[PDB]
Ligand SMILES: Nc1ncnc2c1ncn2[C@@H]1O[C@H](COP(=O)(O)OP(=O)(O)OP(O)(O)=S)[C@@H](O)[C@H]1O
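This document starts with one chain, in the form deposited without the ligand, laid out as structure tokens.
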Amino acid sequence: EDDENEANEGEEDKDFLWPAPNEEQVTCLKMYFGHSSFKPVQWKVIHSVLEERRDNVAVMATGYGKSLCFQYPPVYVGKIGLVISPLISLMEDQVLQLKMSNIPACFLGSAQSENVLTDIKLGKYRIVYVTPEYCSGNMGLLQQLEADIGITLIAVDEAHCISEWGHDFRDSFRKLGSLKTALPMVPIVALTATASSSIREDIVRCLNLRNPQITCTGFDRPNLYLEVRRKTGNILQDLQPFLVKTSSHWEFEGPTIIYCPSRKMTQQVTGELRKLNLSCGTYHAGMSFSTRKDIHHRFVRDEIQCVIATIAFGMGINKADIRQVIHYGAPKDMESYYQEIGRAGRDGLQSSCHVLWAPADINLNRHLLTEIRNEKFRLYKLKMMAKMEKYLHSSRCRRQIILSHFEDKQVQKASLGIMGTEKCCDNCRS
């Protein structure tokens, strides 16, 4: 019988990934993991490990889609991956699942060494699970495996356990600081369910990670309300609905970021809000380091209510009480949009994310993309613009579209009490 009915009339897996997984990467994913496609975050982590050997901190709310990020890379290159974890029963479960998928894998510890260690040294295992206690006393073994086989990655699960400041400190994690000393060229993928910026900083310091890629996925973010609205042809007409008059000035409900495509538009929008004596500042790459760091400082100190910025603004901010994100103009693509709205309401309190768009917007202009001479990049950019256009045009649940694109199916299936309600999105309200 038919297992799915996903195909739609007038629509034509790899599309929204840059660069695209190659044919053998997809064959490997189907053969060894029983999946047809990578989710964007899975590909971000996997590609960063394989092609850049880049350290990662991957915050993942649950195990749903998590294991692929550290299991896939060593399976594809046919070398070895190390998984460091204190979760013995889960490690045993994953080892058995790997064996049943015809991936040679084992649990290495003192009591298991007689059975598996010689075979690990001879490169017979793709994936080896070890405790931090065992790992701490065997840096010499890891150096031998790096020399004779090549370690694709070291995964550190429950990575928050390295922080004295967290709620689950393990003495056993302290010595994992030595991994980067012993193995400076082996990328570490640190995994945790804690989205705390403070704990992330502790993990990066304690594991000596170098410019790590930070991702945060597996969350349904029920406190983010999503709306797409047409521009009215006037900045003040467009932004007046967001404003409240108090004393002899206008303000937003709370701390607000307005993302504009152009530097010109950030100055144009700032100018209009300044006329209302609204507490705000501009942020783009055309400003100096001094001015940019001051805008950041004043926003964190709540000395400005609103930052009117290009998408240069965001990565540096850990601010938990962003009440409103406005995309003033169509966003660059759904990837950029997801990164930008993800910064809203990190305190878990009610926030709103509005796109104000026109069919005329620069990020919907095909002319700029047709000028791209590289065929693969041109077609990718056109596919991303089309996907962004489809989101803006949709009458379907905005949350369902974003979760379907970016998250494991479980985030939709585990999402209870927001989708279809008045607080979900404009399309669920109406």
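Just count from 1 along the sequence shown to find any residue number.
The mean Cα B-factor in the deposited entry runs higher for 250 to 258 than for the other of 250 to 258 and 67 to 75. The question of which stretch, 84 to 92 or 135 to 143, has the higher mean Cα B factor is settled in favour of 135 to 143. The PDB entry gives the largest Cα B-factor of the residues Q350, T152, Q267, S336 to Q267. Residue set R343, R174, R221, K332: peak C-alpha B-factor at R174 (per PDB entry). Among all modelled residues in this chain, the alpha-carbon of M315 has a temperature factor (C-alpha) in the highest third. When the modelled residues of the chain are ordered by their C-alpha B factor, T217 lands in the lowest third. Per the deposited record, the Cα B-factor of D55 falls in the lowest third when ranked against the other modelled residues of its chain. Ranked by C-alpha B-factor against the other modelled residues of its chain, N365 falls in the highest third. Ranked within its chain, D202 lands in the middle third, by CA B factor from the PDB record.
The discussion below concerns the form solved in complex with the ligand, not included here.
Site accessibility, blocked: after C-alpha superposition of the site, the ligand as positioned in the bound PDB entry shows three or more atoms within 2.4 Å of the backbone or C-beta atoms of the displayed chain.
Although the partner is absent here, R292 sits far enough away that none of its heavy atoms falls within 4.5 Å of the ligand in the bound PDB entry.
Contact check for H35: a non-hydrogen atom falls within 4.5 Å of the ligand in the bound PDB entry. Among heavy atoms of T62, some come within 4.5 Å of the ligand in the bound PDB entry. Using a 4.5 Å cutoff between non-hydrogen atoms, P241 does not count as a contact of the ligand in the bound PDB entry. Look at 111 to 119, 309 to 317, 171 to 179, 75 to 83: in the bound PDB entry, residues with non-hydrogen atoms within 4.5 angstroms of the ligand sit in 309 to 317. The candidate spot formed by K39, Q42 and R343 lies fully in contact with the ligand in the bound PDB entry, as each residue has a heavy atom within 4.5 Å of it.
This chain is drawn without the ligand; in the bound PDB entry, the residue among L50, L369, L68, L364 with a heavy atom within 4.5 Å of it is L68.
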